[PDB]
Each structure stands twice: as C-alpha cells, then as structure tokens.
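Enquirer: Just passing along the structure, written as structure tokens.
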Amino acid sequence: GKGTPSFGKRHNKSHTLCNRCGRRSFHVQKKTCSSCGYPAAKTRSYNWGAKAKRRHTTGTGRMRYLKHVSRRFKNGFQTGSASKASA
Amino acid sequence: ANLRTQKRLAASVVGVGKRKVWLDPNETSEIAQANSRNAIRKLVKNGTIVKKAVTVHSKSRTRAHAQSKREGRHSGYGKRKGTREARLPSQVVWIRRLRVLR
Amino acid sequence: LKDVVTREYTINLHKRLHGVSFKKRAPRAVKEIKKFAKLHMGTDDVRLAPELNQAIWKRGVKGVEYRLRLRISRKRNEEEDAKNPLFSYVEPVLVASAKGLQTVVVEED
Amino acid sequence: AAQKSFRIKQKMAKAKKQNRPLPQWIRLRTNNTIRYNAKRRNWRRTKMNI
RNA sequence: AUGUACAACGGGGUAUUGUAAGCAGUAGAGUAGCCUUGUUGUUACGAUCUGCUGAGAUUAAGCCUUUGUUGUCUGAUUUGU
RNA sequence: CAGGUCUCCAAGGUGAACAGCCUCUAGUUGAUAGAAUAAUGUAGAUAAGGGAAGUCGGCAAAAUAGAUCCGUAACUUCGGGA
RNA sequence: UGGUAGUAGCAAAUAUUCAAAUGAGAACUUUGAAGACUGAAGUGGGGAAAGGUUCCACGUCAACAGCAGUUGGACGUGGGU
RNA sequence: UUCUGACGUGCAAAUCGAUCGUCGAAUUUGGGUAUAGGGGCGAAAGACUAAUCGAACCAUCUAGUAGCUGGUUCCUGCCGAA
RNA sequence: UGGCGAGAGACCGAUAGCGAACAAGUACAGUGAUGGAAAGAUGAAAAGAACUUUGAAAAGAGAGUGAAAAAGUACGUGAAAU
C-alpha cells in the first residue's frame with residue numbers, strides 16, 4: 001500500500017518555477033525558493049555545495065556586461081571617439 | 001481507402017452516433033473524395049450515406065404483463081419479494097385513509 | 001479440363017462440431033465448411049458467402065444447426081491467377097427442413 | 001492544466017519550437033560533428049517538469 | 001489407384017427423451033354479450049385436456065448395416081551387398 | 001503496468017432496490033494466433049452408501065436463506081434476547 | 001559477450017466470422033454483412049488535478065506498438081484554441 | 001478476517017479471486033493551510049514523516065577509524081624459519 | 001588552487017587527464033536540497049558511388065571514383081571473449 005497504490009495519489013506540485021533562478025524549486029506553502037533562496041535578498045550557496053557554486057557562478061551565463069569590462073580596462077576606460085587617419 | 005474521418009464527420013453531421021451511419025461499400029471511391037463536412041452534406045442528401053434507423057426495443061410484452069397485473073394476475077407470493085410495508089408503505093395508506101375522511 | 005461443376009449437399013455439422021468448446025463452434029463450422037469444399041471439389045481455394053455466414057451465425061457461437069444445404073460451385077479463376085486456376089464458391093440454399101435431401105448435380109441453362 | 005497561467009504556456013511555446021529534428025542543410029556544412037538532435041523531448045518519454 | 005474399394009449424403013436397425021408443430025373438439029373453473037331467454041340456448045375470452053401423436057427431435061462424431069445417389073483414387077522424397 | 005486518482009448527468013423489464021440478470025441511446029469488439037485437446041496445475045462442478053471416522057482445529061465446501069401466516073425459551077440493565 | 005535458450009514464456013476482463021477495397025504482403029487496415037459485450041454507480045457524454053500538442057489533416061514504415069502491420073497517442077510536414 | 005487460494009525471476013518492490021468488517025456517523029474525501037529531525041505527529045503499533053525511520057533525505061567534515069575479512073602484478077639463483 | 005593576459009614540463013593521452021578534448025553542469029533522475037553521464041580520429045580532397053540489372057522497398061550484383069573501399073558516411077589499425 002505504501003508503494004505503487006500510493007504513487008497513484010501523487011498528482012500535485014510542492015514546487016513551482018522560481019522567478020529569480022528559473023529552476024523550479026520555489027516552495028509554495030513556505031513561499032520561498034529552496035535552490036536560490038528567493039525572496040531573501042541573497043542567493044543561497046554553501047561551502048559544502050562545491051558543485052552548486054560550479055553550477056551557479058559567473059561565466060555560466062551570458063556575462064552580458066562583464067565580458068566587455070576587462071577589454072574596457074585594457075584601453076584605460078576611454079571616452080569619446082577615434083579619428084580618421086588614411087586609406 | 002481509409003474512411004475513419006468520413007464516418008466521424010457523418011456521425012457529426014447527421015447527429016446520430018458512429019454506430020449508426022451507413023457509408024455504402026459500392027461508392028467508396030466517392031467517399032474517398034468527400035473530406036469536408038460540406039461534402040458529407042452532399043453525400044447524405046442524395047442517399048450515399050444514410051441513417052440506419054434505431055433497433056427496436058418493443059415495450060409490448062411489458063404492456064401485456066402490466067395489463068395482466070391490472071387484471072389481478074401475476075401477484076402471488078412467488079411474485080412478491082419485498083415486505084408489505086415496502087411494496088406500499090403503511091404511512092402512504094394512512095395518509096390516503098385520512099386525507100379522504102378529513 | 002472444363003470442371004465448372006456446381007453441386008448441392010447436406011453437410012452434417014453435428015458429426016463435426018461434436019464436443020468442441022462453445023465459444024469456438026461457429027468459427028469451426030466455418031473452418032469445417034472450407035475443409036468440406038476442399039474434400040469434394042478438390043481445389044484448395046474456397047470462398048464462402050456472407051449469406052452462408054449469416055446462415056451459420058443465426059444462433060450465436062453455440063447454436064450452429066445440425067444439417068445444412070450447401071451449394072458448391074467450382075468456378076475457374078482469372079485476373080492475376082492464384083496457385084490453382086479454379087476456386088470453390090459456397091452458397092446456401094433456402095429449404096424448410098434440411099433433413100432428407102441427397103446430393104444433386106445442378107444443371108446450368 | 002487545461003486552464004493555465006501564462007508563464008507555463010510561454011514555456012510550452014518554447015518546448016514546441018524546440019521539438020524538431022535537425023535542418024537538413026547543416027549535415028553538409030564544413031567541420032560538422034552534429035549528426036542528429038540529442039535533445040528531442042517527447043511527451044511519452046520525458047516529462048519536462050514545466 | 002478402376003475396386004462385391006473408400007468417402008459425403010440418403011435409407012433401415014439399434015438407442016435417448018417423451019407425445020411434437022398445425023388443425024379440430026355437445027372437455028374445461030368461470031366471466032360477460034345477446035335473443036324465441038333455454039331443461040347441453042348459444043357467440044367470444046379461457047392456463048389446461050383430448051384426437052392425429054409411444055408421435056416428433058437426435059442417432060456417432062470412438063454404434064451396426066446397406067446393390068440407393070454424387071464423387072475421389074499416383075502428389076513429393078530418398079534407399080543397394 | 002489487471003494498481004491508484006475528486007466530481008456532474010442518468011433509459012426499459014423483473015425486482016423492495018442504484019442488488020444481480022436481459023435490452024434501448026451511446027461506445028467498443030482492443031487485450032499474440034493456429035492444431036490437438038496427455039500428465040500435473042489454476043477456476044467451476046457433480047457424486048452411490050456412510051457421515052467428520054480426515055485434521056492442530058468441520059480449514060475448504062455443502063446446507064439454510066426472499067416474502068406471507070403461525071409459533072418463539074433461558075437470561076435480562078425490562079430496552080432486548082429474535 | 002556467452003552456456004542456459006530459440007527454451008521459461010507472450011493464458012484474468014465470456015468472442016469472433018464472411019466477402020469486397022487499398023497493397024509487394026492483410027488473423028490485426030477500411031467499408032459492409034452477421035454475432036456478442038459494457039447494460040446509464042457503463043467499455044457513454046463533460047470536467048478538476050496532471051500531462052503539453054497527444055487535438056486535426058496529408059505523406060511515410062527504419063526504430064516503438066514485448067505477434068503482425070499498407071494501421072497508430074509513432075515518424076516527417078503543416079494547420080488549429 | 002479466512003482461504004495461510006492465485007501469483008510469488010508476478011498485472012503488480014504487495015495486486016488478483018472468493019469469502020468477510022462497517023455503511024449515517026468518534027464516517028469517507030478533494031483543495032487550501034499549520035506542525036520538520038533528535039524534531040514533527042501518534043484512539044500508542046516504536047507506528048507514520050514522499051518504496052527510507054529504536055530517530056528521514058542531501059552535501060561536507062571524509063580517503064572517519066578498525067587489533068577484523070578479502071586481494072596484493074616478472075623469472076632464476078643462495079640461505080631459510082616460527 | 002578566483003578573474004584577466006602571458007610563458008613553460010623527465011606530467012595524462014581519450015576506462016587516462018578536470019565531472020566535461022565533442023550542443024558538459026549538457027542528456028537524464030529526483031517533490032527538493034542535489035546527483036550527473038556516455039560520446040574524438042573515412043580520405044590529401046567528397047572524388048561520399050553517375051549508369052545497367054534483380055527486388056515492392058531496404059539492399060545485392062556488376063560498373064565507377066580513389067594509392068587502397070580487407071577506408072563507404074553503422075567510416076583509421078581494427079585484438080580477445082563469442
């Protein structure tokens with residue numbers, strides 16, 4: 001009775017999509033995510049989750065701005081525009 | 001051909017369910033062309049798909065038996081399986097005995 | 001060489017559908033009439049008829065009649081021919097009581 | 001389900017537009033190792049879990 | 001493989017149940033309808049009963065027997081001191 | 001995957017009945033088949049005479065059973081027991 | 001990757017049959033003719049949860065449907081709320 | 001409940017069949033919500049807490065430690081135990 | 001032992017080296033925290049097989065390209081079990 005006829009009754013969801021991390025770990029009754037910790041203002045990661053940081057650090061996504069930062073350091077944070085020389 | 005959709009459409013058009021339509025087996029190539037409901041309404045009108053009228057459930061032996069019960073027959077003790085206050089309750093008979101006198 | 005012979009028969013199904021399971025009798029009537037027409041006409045491609053199919057299944061699976069009048073026609077085949085050039089075609093005939101009738105060679109005119 | 005919010009249907013739209021084989025012209029392209037689509041999600045095999 | 005052969009039917013015997021379907025009946029508890037209202041007064045309804053009816057049905061699929069009717073009767077394979 | 005998962009509609013006959021059994025509207029005819037039908041199984045049966053003598057124990061089956069009428073003891077908390 | 005072994009087995013839910021069409025090929029597709037079943041606390045009509053395109057059409061038969069396949073909740077392409 | 005029937009490399013990591021308890025209330029149940037690990041909850045069986053429970057699952061400390069079990073990769077020669 | 005930009009090796013060479021030489025924190029499993037793969041090498045170059053025939057088709061047989069198809073897109077050499 002504790003096996004397949006009680007896996008019959010299993011037709012709800014305890015978790016839904018998290019808005020922040022999008023991973024489907026958002027607990028509905030507690031109203032807090034269990035993977036990223038939304039809506040607490042920090043992102044939960046722990047030093048025993050060595051692989052979890054490897055799944056959620058920088059560089060795993062687009063790097064929509066930092067990709068351009070180091071290059072913009074190399075030129076010395078230029079402002080303005082360049083001129084025309086020849087050819 | 002493969003006339004699944006034609007039998008479904010014919011049941012939806014005529015209104016009788018799928019167990020009673022009659023796509024005739026001689027004109028099957030014609031019914032291979034009629035793929036829309038507007039063509040099913042052509043093939044119902046001229047007589048290529050018909051309705052196959054209802055199987056008879058004669059309530060005639062029922063009428064003869066109820067007529068015999070009206071005559072007094074068929075009501076012994078071996079046709080009497082419920083209790084005397086379940087066939088006709090005593091409270092019903094009492095209300096009839098006393099809505100009349102009152 | 002011609003062999004277009006058409007005959008009639010009584011098939012006795014009680015001596016052939018004896019002791020069979022009830023939910024198998026009418027299909028065994030069918031498989032038995034095909035074996036009958038294989039025995040008599042000699043060809044091995046036998047076609048029954050939906051009239052004959054109704055005549056077996058008048059009484060469900062377990063009510064096939066005792067004697068039937070068959071009419072077996074050994075016609076010649078054509079049109080991308082099968083492995084024999086002749087086939088049987090087995091119709092029923094309408095009679096009141098099938099008991100008492102012998103076999104009859106049907107004349108074609 | 002049969003009466004939905006919008007966000008789940010938006011992800012179903014993405015899950016529809018991804019449920020297709022390779023374009024036939026990629027297999028001729030220079031330096032190609034992709035021989036099929038290794039992410040075909042069917043509905044009888046893998047539930048996407050929203 | 002051309003035979004007082006065999007098979008499919010049909011006939012007869014044997015056997016099992018038990019008197020069919022249909023038609024008829026001064027049989028039928030009674031119930032109405034009528035008229036010359038009767039000394040069986042009839043017509044209709046009426047489970048059942050009687051007569052043809054020890055009838056009908058089945059009978060070999062592991063029963064018997066048969067001069068009747070209709071048919072079938074060489075397809076394939078291997079084998080030697 | 002012969003399991004599990006909340007609810008609405010609701011036909012005719014027997015029958016007290018939404019029981020079982022048969023049909024109408026509706027839907028299926030899908031669950032590998034063919035031939036034989038040995039042992040031993042699974043599922044259902046039926047048995048002469050005796051009757052639990054079987055067995056740890058009447059375990060398993062059988063028997064009763066619906067309705068109508070009559071009749072209904074000890075004990076009792078006086079309601080029942082039935 | 002074996003022997004096991006082409007065996008154990010593919011047996012609950014009373015059940016299939018005939019002819020035609022497509023086709024290289026129909027026990028299983030389609031139509032028709034029968035025969036049955038669920039028998040309205042239904043193997044019927046709608047839904048909630050859940051699934052997410054499975055809905056619907058055209059084409060195809062490699063793989064899957066523990067047999068089959070010209071059929072499909074499959075495959076390919078589109079349409080649809 | 002019983003058959004201690006079926007099945008027991010199953011239809012099924014607990015179902016199938018007949019029998020049987022109860023069926024109007026300390027009833028059955030959907031959804032929401034509350035209670036969480038040495039804590040929750042318990043008409044109490046140490047039962048239940050997502051096939052896990054005399055103390056859940058996950059990761060880390062962690063390659064825990066073991067006087068205990070298993071294994072320990074080529075040849076020839078010289079000596080050789082307890 | 002983080003990020004960026006560099007140089008190197010008495011290191012590993014695809015069951016090794018990071019979990020990841022490839023669409024690798026990917027496919028997938030779990031309610032979740034999390035767990036987490038496998039998978040490189042035709043040829044110099046697609047020249048990746050026109051054409052005829054058998055078959056319904058897959059394919060075969062010839063033919064042909066290629067140094068070589070005992071390299072044919074299930075593609076380098078291609079062992080042992082079997």
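We label chains A, B, ... in the order they appear in the structure tokens, count residues from 1 in each chain, and number ligands from 1 in the order shown.
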Given a cut-off of 9 Å, which residues of chain D touch chain A, counting only C-alpha atoms, written out as JSON, numbers by chain?
Expert: {"D": [8, 49, 50]}
Enquirer: Can you spit out the residues from that selection as a compact mmCIF listing (two decimals), in the first residue's frame, using N, CA, C and O atoms?
Expert:
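File produced: selection_2.txt:
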# COMPACT_ATOMS: atom_id res chain seq x y z
N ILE D 8 3.57 29.31 -17.90
CA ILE D 8 3.72 27.90 -18.22
C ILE D 8 3.47 27.68 -19.70
O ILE D 8 4.19 26.93 -20.36
N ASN D 49 8.96 18.68 -16.67
CA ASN D 49 8.80 19.29 -15.35
C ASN D 49 8.76 20.81 -15.47
O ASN D 49 9.65 21.52 -14.99
N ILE D 50 7.74 21.28 -16.19
CA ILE D 50 7.47 22.68 -16.50
C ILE D 50 8.63 23.41 -17.19
O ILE D 50 9.54 22.79 -17.74
Enquirer: Skip range 74-77 of chain B itself and residues of its chain fewer than 5 positions away, then list as a count of residues only all residues within 7 Å of it, counting only C-alpha atoms (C1' of nucleotides).
Expert: 4
Enquirer: Can you tell me, as a PDB file with N, CA and C atoms (P, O5', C5', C4', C3', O3' and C1' of nucleotides), in the first residue's frame, what residues are no more than 9 Å from range 3-12 of chain H when counting only C-alpha atoms (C1' of nucleotides), ignoring any on the same chain fewer than 4 positions away?
Expert:
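Writing the result to result-v4.pdb gives the following:
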ATOM      1  N   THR A   4       3.182   1.414  -5.034  1.00  0.00           N
ATOM      2  CA  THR A   4       2.502   1.873  -6.241  1.00  0.00           C
ATOM      3  C   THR A   4       1.056   2.363  -6.043  1.00  0.00           C
TER       4      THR A   4
ATOM      5  P     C F   1       0.237   0.322 -20.108  1.00  0.00           P
ATOM      6  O5'   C F   1      -0.069  -1.115 -19.497  1.00  0.00           O
ATOM      7  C5'   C F   1       0.978  -1.978 -19.082  1.00  0.00           C
ATOM      8  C4'   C F   1       0.833  -2.425 -17.644  1.00  0.00           C
ATOM      9  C3'   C F   1      -0.121  -1.617 -16.777  1.00  0.00           C
ATOM     10  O3'   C F   1      -1.466  -2.095 -16.826  1.00  0.00           O
ATOM     11  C1'   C F   1       1.965  -1.963 -15.647  1.00  0.00           C
ATOM     12  P     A F   2      -1.855  -3.664 -16.955  1.00  0.00           P
ATOM     13  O5'   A F   2      -3.338  -3.722 -16.388  1.00  0.00           O
ATOM     14  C5'   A F   2      -3.611  -3.339 -15.052  1.00  0.00           C
ATOM     15  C4'   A F   2      -4.729  -4.154 -14.458  1.00  0.00           C
ATOM     16  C3'   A F   2      -4.539  -4.569 -13.012  1.00  0.00           C
ATOM     17  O3'   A F   2      -4.884  -3.563 -12.065  1.00  0.00           O
ATOM     18  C1'   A F   2      -5.360  -6.390 -14.320  1.00  0.00           C
ATOM     19  P     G F   3      -6.154  -2.580 -12.217  1.00  0.00           P
ATOM     20  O5'   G F   3      -6.315  -2.073 -10.729  1.00  0.00           O
ATOM     21  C5'   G F   3      -5.834  -2.884  -9.668  1.00  0.00           C
ATOM     22  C4'   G F   3      -4.718  -2.224  -8.896  1.00  0.00           C
ATOM     23  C3'   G F   3      -4.996  -0.824  -8.401  1.00  0.00           C
ATOM     24  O3'   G F   3      -5.723  -0.844  -7.190  1.00  0.00           O
ATOM     25  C1'   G F   3      -2.831  -0.928  -9.356  1.00  0.00           C
ATOM     26  P     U F  42      -4.282 -26.249  -8.066  1.00  0.00           P
ATOM     27  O5'   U F  42      -4.863 -24.828  -8.464  1.00  0.00           O
ATOM     28  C5'   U F  42      -3.981 -23.736  -8.651  1.00  0.00           C
ATOM     29  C4'   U F  42      -4.538 -22.730  -9.620  1.00  0.00           C
ATOM     30  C3'   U F  42      -6.029 -22.490  -9.519  1.00  0.00           C
ATOM     31  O3'   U F  42      -6.375 -21.586  -8.492  1.00  0.00           O
ATOM     32  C1'   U F  42      -5.437 -22.810 -11.777  1.00  0.00           C
ATOM     33  P     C F  59     -13.759 -24.488  10.748  1.00  0.00           P
ATOM     34  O5'   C F  59     -12.900 -24.003   9.503  1.00  0.00           O
ATOM     35  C5'   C F  59     -11.752 -23.192   9.660  1.00  0.00           C
ATOM     36  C4'   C F  59     -10.739 -23.451   8.570  1.00  0.00           C
ATOM     37  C3'   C F  59     -11.235 -23.381   7.134  1.00  0.00           C
ATOM     38  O3'   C F  59     -11.314 -22.050   6.641  1.00  0.00           O
ATOM     39  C1'   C F  59      -9.859 -25.297   7.433  1.00  0.00           C
ATOM     40  P     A F  60     -12.429 -21.597   5.569  1.00  0.00           P
ATOM     41  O5'   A F  60     -12.355 -22.685   4.420  1.00  0.00           O
ATOM     42  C5'   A F  60     -11.502 -22.511   3.300  1.00  0.00           C
ATOM     43  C4'   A F  60     -11.710 -23.618   2.300  1.00  0.00           C
ATOM     44  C3'   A F  60     -13.096 -23.688   1.694  1.00  0.00           C
ATOM     45  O3'   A F  60     -13.241 -22.829   0.582  1.00  0.00           O
ATOM     46  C1'   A F  60     -12.487 -25.815   2.490  1.00  0.00           C
TER      47        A F  60
ATOM     48  P     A G  12      -4.985 -13.434 -19.790  1.00  0.00           P
ATOM     49  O5'   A G  12      -6.313 -13.628 -18.941  1.00  0.00           O
ATOM     50  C5'   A G  12      -6.504 -14.779 -18.132  1.00  0.00           C
ATOM     51  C4'   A G  12      -7.450 -14.488 -17.007  1.00  0.00           C
ATOM     52  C3'   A G  12      -8.668 -13.677 -17.403  1.00  0.00           C
ATOM     53  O3'   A G  12      -9.719 -14.464 -17.927  1.00  0.00           O
ATOM     54  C1'   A G  12      -7.623 -12.633 -15.594  1.00  0.00           C
TER      55        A G  12
ATOM     56  P     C H  16      -6.625  -5.687  -6.806  1.00  0.00           P
ATOM     57  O5'   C H  16      -6.714  -7.140  -7.434  1.00  0.00           O
ATOM     58  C5'   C H  16      -6.607  -7.346  -8.832  1.00  0.00           C
ATOM     59  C4'   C H  16      -6.744  -8.806  -9.166  1.00  0.00           C
ATOM     60  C3'   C H  16      -7.909  -9.516  -8.506  1.00  0.00           C
ATOM     61  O3'   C H  16      -9.139  -9.302  -9.166  1.00  0.00           O
ATOM     62  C1'   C H  16      -5.959 -10.814  -8.251  1.00  0.00           C
ATOM     63  P     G H  17     -10.467  -9.041  -8.311  1.00  0.00           P
ATOM     64  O5'   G H  17     -10.984 -10.505  -7.976  1.00  0.00           O
ATOM     65  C5'   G H  17     -11.105 -11.486  -8.992  1.00  0.00           C
ATOM     66  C4'   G H  17     -11.191 -12.870  -8.407  1.00  0.00           C
ATOM     67  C3'   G H  17     -12.178 -13.058  -7.272  1.00  0.00           C
ATOM     68  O3'   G H  17     -13.518 -13.186  -7.708  1.00  0.00           O
ATOM     69  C1'   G H  17     -10.134 -14.094  -6.716  1.00  0.00           C
ATOM     70  P     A H  18     -14.678 -12.288  -7.052  1.00  0.00           P
ATOM     71  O5'   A H  18     -15.216 -13.153  -5.830  1.00  0.00           O
ATOM     72  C5'   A H  18     -15.972 -14.332  -6.049  1.00  0.00           C
ATOM     73  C4'   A H  18     -15.668 -15.384  -5.014  1.00  0.00           C
ATOM     74  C3'   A H  18     -16.247 -15.160  -3.630  1.00  0.00           C
ATOM     75  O3'   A H  18     -17.604 -15.550  -3.527  1.00  0.00           O
ATOM     76  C1'   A H  18     -13.983 -15.786  -3.440  1.00  0.00           C
ATOM     77  P     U H  19     -18.617 -14.719  -2.600  1.00  0.00           P
ATOM     78  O5'   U H  19     -17.990 -14.807  -1.139  1.00  0.00           O
ATOM     79  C5'   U H  19     -18.327 -15.877  -0.271  1.00  0.00           C
ATOM     80  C4'   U H  19     -17.338 -16.021   0.861  1.00  0.00           C
ATOM     81  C3'   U H  19     -17.549 -15.118   2.061  1.00  0.00           C
ATOM     82  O3'   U H  19     -18.546 -15.588   2.944  1.00  0.00           O
ATOM     83  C1'   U H  19     -15.280 -15.072   1.442  1.00  0.00           C
TER      84        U H  19
END
Enquirer: List as a PyMOL selection string the protein and nucleic acid residues near residue 7 in chain A, meaning an atom at most 10 Å away when only C-alpha atoms (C1' of nucleotides) are counted, but skip any in the same chain fewer than 3 places from it.
Expert: (chain A and resi 1-4+10-11) or (chain F and resi 3-5) or (chain H and resi 50-51)
Enquirer: Would you list the contacts of residue 32 in chain E as a PDB file with N, CA and C atoms (P, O5', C5', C4', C3', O3' and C1' of nucleotides), in the first residue's frame, taking every protein, DNA or RNA residue within 12 Å and counting only C-alpha atoms (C1' of nucleotides), but skipping same-chain residues closer than 5 positions in sequence?
Expert:
ATOM      1  P     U E  43     -71.776 -21.343 -30.410  1.00  0.00           P
ATOM      2  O5'   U E  43     -71.996 -19.877 -30.993  1.00  0.00           O
ATOM      3  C5'   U E  43     -71.019 -19.260 -31.812  1.00  0.00           C
ATOM      4  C4'   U E  43     -70.746 -17.843 -31.377  1.00  0.00           C
ATOM      5  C3'   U E  43     -69.438 -17.619 -30.649  1.00  0.00           C
ATOM      6  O3'   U E  43     -68.315 -17.594 -31.508  1.00  0.00           O
ATOM      7  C1'   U E  43     -71.165 -16.479 -29.517  1.00  0.00           C
ATOM      8  P     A E  44     -66.986 -18.391 -31.093  1.00  0.00           P
ATOM      9  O5'   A E  44     -66.134 -17.303 -30.307  1.00  0.00           O
ATOM     10  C5'   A E  44     -66.009 -15.984 -30.813  1.00  0.00           C
ATOM     11  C4'   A E  44     -65.672 -15.008 -29.717  1.00  0.00           C
ATOM     12  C3'   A E  44     -64.602 -15.459 -28.742  1.00  0.00           C
ATOM     13  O3'   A E  44     -63.292 -15.282 -29.249  1.00  0.00           O
ATOM     14  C1'   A E  44     -66.426 -14.557 -27.547  1.00  0.00           C
ATOM     15  P     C E  45     -62.145 -16.351 -28.908  1.00  0.00           P
ATOM     16  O5'   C E  45     -61.662 -15.934 -27.451  1.00  0.00           O
ATOM     17  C5'   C E  45     -61.216 -14.612 -27.187  1.00  0.00           C
ATOM     18  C4'   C E  45     -61.131 -14.350 -25.709  1.00  0.00           C
ATOM     19  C3'   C E  45     -60.388 -15.400 -24.907  1.00  0.00           C
ATOM     20  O3'   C E  45     -58.981 -15.270 -24.990  1.00  0.00           O
ATOM     21  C1'   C E  45     -62.406 -14.850 -23.807  1.00  0.00           C
TER      22        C E  45
END
Enquirer: Could you write out as a ChimeraX atom specification the residues of chain G within 12 Å of chain A, counting only C-alpha atoms (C1' of nucleotides)?
Expert: /G:48-51
Enquirer: Need to verify the contact set: residue 17 in chain B, 10 Å, only C-alpha atoms (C1' of nucleotides), exclusion of same-chain residues closer than 2 positions in sequence. Can you return it as a PyMOL selection string?
Expert: (chain B and resi 7-8+10-15+19-21+51) or (chain F and resi 25-27)
